[PDB]
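turn this into a structure:
(chains A, B, C, D and E)
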Amino acid sequence: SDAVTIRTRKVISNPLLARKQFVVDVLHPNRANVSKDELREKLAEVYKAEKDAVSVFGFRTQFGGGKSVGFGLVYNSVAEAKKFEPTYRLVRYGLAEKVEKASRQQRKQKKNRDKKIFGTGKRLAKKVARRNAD
Amino acid sequence: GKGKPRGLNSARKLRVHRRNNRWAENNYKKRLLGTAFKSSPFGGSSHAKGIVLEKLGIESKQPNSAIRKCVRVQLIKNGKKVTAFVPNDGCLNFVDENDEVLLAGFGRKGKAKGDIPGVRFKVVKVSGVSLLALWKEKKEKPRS
Amino acid sequence: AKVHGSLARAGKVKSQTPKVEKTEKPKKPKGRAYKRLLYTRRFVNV
Amino acid sequence: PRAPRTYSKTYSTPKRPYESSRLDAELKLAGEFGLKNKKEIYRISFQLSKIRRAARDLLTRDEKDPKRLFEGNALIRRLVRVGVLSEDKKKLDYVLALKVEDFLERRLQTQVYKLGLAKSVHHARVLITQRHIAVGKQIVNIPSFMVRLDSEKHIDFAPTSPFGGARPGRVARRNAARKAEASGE
RNA sequence: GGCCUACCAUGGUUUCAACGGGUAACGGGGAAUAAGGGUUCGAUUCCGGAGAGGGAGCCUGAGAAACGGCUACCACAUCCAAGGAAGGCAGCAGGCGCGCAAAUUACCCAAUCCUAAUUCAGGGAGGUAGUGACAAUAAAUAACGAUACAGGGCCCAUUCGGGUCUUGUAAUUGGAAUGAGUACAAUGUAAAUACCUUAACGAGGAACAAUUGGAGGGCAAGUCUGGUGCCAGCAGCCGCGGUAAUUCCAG
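Residues are numbered from 1 along each chain as shown, chains lettered A, B, ... in the order given. Okay, here it is:
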């Protein structure tokens, strides 16, 4: 845990996506792994991006340890880091909220059930309730 | 010379002559007559399951004088009746009537083997387990 | 005769063998270490 | 419906199974190099037979054939780089004289032994697979690494391994621990 | 365009194999074997064709003789209030059957792309995971040491000894190294599992213990021992076994 070194390779500026994209090459010669959150802290300092315009997602520790490589994004103007990021990668960082829905089984079973009716459905519910009531 | 045509425009004669003389070959005929499908007891298969009908004792041919301890089996998929040899000793005790054995070829691609006359098959599995396991007391025959 | 075979004495020799248990011996090395034992044991002549 | 993965096998079983010449020619290749089994020897002769088929193909073609010249130098400089063809032996008549012996020399399981620090050819094999030897900056535990010519200065103990420093492993660490709780207090 | 019709003519194919029959025949790229020449395979990751229990017939549309469209059958087969109604897994998963013979009624649109009025929705296409000794790659099951008997040849020899040269048998001991596994974490990922990293544990014969076939010849390895006695059995082939079995059953 002596030191970690952030080396950003292959830096390409992306004006038409309002971002900067590069290969993150971290050298952690005594750490076990490097834990993306404080990479987002440390990459914020070298690019002035307040930890919400940055994203790191693809890391792979080299065999034998001591080195890991992944990809990294740095955005302009965090409002544009929610415009262009995928939703799954925002919820890792807590910017977006994990939207709740049922499984694909229920979401498909409901559609097939709702495909049988024709219209609002509350014209038929009125006339079937009176037969059930009497 | 040499009894075959040699002219450059004579490929038809050589090709039809090779075709006619291929039929003298033993396995080329069986490949192109479908003898495995129609005539062989297994339907051109390595293995077949059967049903044991009776225990047989077959005298070994000369110059051997043993009794070979085989069984008579009726196959499921064909209904044909074959005789199959039961391997090394005590296995005839492990086989009984109506055990639904599994059969294989006996090594020689449709021919008898050794001093056993007229047996082209052997039992591999009895009651669905093995014969090696039952002989070596590695598994147990199901209670049937 | 030439009709039947006497199936009575099947297994008559394996049944009556005076069985003896495999004596426990130290195990032999395995893998590359077994080729060491083999291909020195065939070449001990100093 | 995804495109297939190409694969191939990297060895070949000899035609006659039970010799006394070939079976005892494994004195060198299994005891004098410290090898697992015959598949490690069948593997080398497979690549070596792959080499001669390409070399025989080239020699049949005309000299100053552009195909002979291109794949000729490529075949030489690949075999030069790993150190199986000597520094000036560079001719297609000499890759055919190349035999199985100077392939097992270039293996890392022997190159560790020849560069000191191993004291046996199959003490080296144990050390490699126990994650102790690193080439350049990279730990390798493959005993068939087939080191290059610009790599023999870079076989050394790993920066993580106990023999390269870095806080010796769980045997001595625990062994010093019980003397601490018996002699220290 | 004989595609069909009316009129007219008598043509058309064939031993250089027409026509008929068979195929356990979808065709090809390709696969296996590898001196050359060849032989055998190709249902099947791509291209083309055909089909959606059988056979016809059609609506809509640019495009269908469509079957997750419609009009009635048969190997068929479902529901009941007995009046009627509904159907097509050679899609995905699963079941029965058949057999020598082949996986989960799992998760998701995050990648690849497709469609739509369309950046957003949808996709059992597709991807992920489970089963998986089909094949293929790499390579654990130990590594360093210390310690001893019993001979035999020869030499010198007093005879008691060495002083080499080799033959076999282990047997008691020591510190070192490591992952197979158990796992904080982080990484991976749509979310996970697993891999790659990594704190903490994790080796002394009792285990963290490798098997499968062989030992007459082909063909590498016992004329060692106990049992059997042409019996049991072995044996691809030649052969073995009838009271000293190098071949069966055992150690």
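
quick check: the residue of chain A nearest chain D.
Residue nearest to chain D within chain A (CB to the nearest CB): residue A:64, separated by 3.3 Å. Yep, even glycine has a C-beta here, placed from its N, CA and C like the rest.

OK, contacts around that residue?
By CB atoms under 8 Å, 6 or more residues apart in numbering or on different chains, the contact list for residue A:64 reads D:131, D:134, D:138-139, D:158, D:160.

secondary structure class for it?
coil (DSSP: H, G, I helix; E, B strand; the rest coil).

what are the phi and psi values at residue D:151?
Backbone geometry at residue D:151, expressed as degrees, to the nearest 10, gives phi -140, psi -10.

and the closest residue to it other than its chain neighbours, how many neighbours?
Nearest residue to residue D:151, sequence neighbours excluded (CB to CB, 6 or more residues apart in numbering or on different chains): residue D:135, at 5.9 Å. The tally of other residues near residue D:135 (other CB atoms under 10 Å in any protein chain shown) stands at 18.

run through the bridge partners of residue D:135.
residue D:138, residue D:155 (DSSP bridges).

distance of residue C:3 from residue B:58?
As judged by CB to CB, to the nearest Å, residue C:3 and residue B:58 stand 11 Å apart.

of those two, who's got more company?
For residue C:3 versus residue B:58, the count of surrounding residues by other CB under 10 Å is larger for residue B:58: 19 against 5.

would you confirm that that one contacts residue B:70?
Yes - with contact defined as CB atoms under 8 Å, residue B:58 and residue B:70 form a contacting pair (5.6 Å).

in chain B, what residue comes closest to chain A?
residue B:128 (38.0 Å).

in a helix, that residue, correct?
No - going by three-state DSSP, the assignment for residue B:128 is coil, not a helix.

give the contact list for it.
Here residue B:128 is in contact with B:100, B:102, B:142 (criterion: CB under 8 Å, 6+ apart).

counting neighbours, which of the residues you listed comes out on top?
residue B:102 (19 neighbours).

right, and it touches residue B:49 too?
Yes - with contact defined as CB under 8 Å, residue B:102 counts as touching residue B:49 (5.3 Å).

one step back: pipe the contacts of residue B:128 into JSON lines and attach secondary structure and distance to chain A per row.
Listed next are the contacts of residue B:128 as JSON lines, based on DSSP: H, G, I helix; E, B strand; the rest coil; distance: CB to the nearest CB, whole Å:
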{"residue": "B:100", "secondary structure": "coil", "distance to chain A": "42"}
{"residue": "B:102", "secondary structure": "strand", "distance to chain A": "42"}
{"residue": "B:142", "secondary structure": "coil", "distance to chain A": "40"}
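
list phi and psi for residue B:122.
phi -140, psi 160.

so it bridges to which residues?
residue B:85, residue B:104.

could you do residue A:6 as well?
residue A:26.

OK, contacts around it?
By CB under 8 Å, 6+ apart, the neighbours of residue A:6 are A:24-26, A:39, A:42-43, A:46.

out of those residues, which are inside strands?
Among those, DSSP state E puts A:24-26 in strands.

of these, buried ones?
Buried subset of the ones in strands among the contacts of residue A:6 (neighbour count, 16 or more other CB atoms under 10 Å in any protein chain shown): A:24-26.

okay, those in CSV with distance to residue D:176 next?
Below are these laid out as CSV (distance: CB to CB, whole Å):
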residue, distance to residue D:176
A:24, 39
A:25, 37
A:26, 33
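
residue in chain D with the shortest distance to chain C?
Closest point on chain D to chain C, by CB to the nearest CB, is residue D:31, at 3.4 Å.

related to what we said a few turns ago, give me the common contacts of residue B:58 and residue B:70.
B:83, B:116, B:119.

now for the strand or helix carrying the first one, which elements pack on it?
In this structure, residue B:83 is located in strand B:81-85 according to DSSP states H and E. Using 3 or more CB pairs under 8 Å, 6 or more residues apart in numbering or on different chains; DSSP states H and E as the contact criterion, the neighbours of strand B:81-85 among helices and strands are strand B:47-56, strand B:70-75, strand B:121-125.

contact partners for residue A:21?
A:11-12, A:14, A:71-74.

ok, and what's touching the helix or strand harbouring residue A:127?
Assigned by DSSP H and E, residue A:127 belongs to helix A:122-133. Helix A:122-133 has contacts (CB under 8 Å, 6+ apart) with residue A:117.

may I have it as CSV, with CA atoms only?
Taking C-alpha atoms only, helix A:122-133 is exported to CSV below (Å, rounded to 0.1, in the frame of the first residue of the first chain):
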residue,chain,number,x,y,z
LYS,A,122,-63.7,-1.4,-17.6
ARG,A,123,-66.7,-1.8,-19.7
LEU,A,124,-66.5,-5.6,-19.3
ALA,A,125,-65.5,-5.4,-15.6
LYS,A,126,-68.8,-3.6,-14.9
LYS,A,127,-70.9,-6.2,-16.7
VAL,A,128,-69.1,-9.2,-15.2
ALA,A,129,-69.2,-8.0,-11.6
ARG,A,130,-73.0,-7.8,-11.6
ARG,A,131,-73.1,-11.5,-12.8
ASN,A,132,-70.7,-12.4,-10.1
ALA,A,133,-72.7,-10.4,-7.5
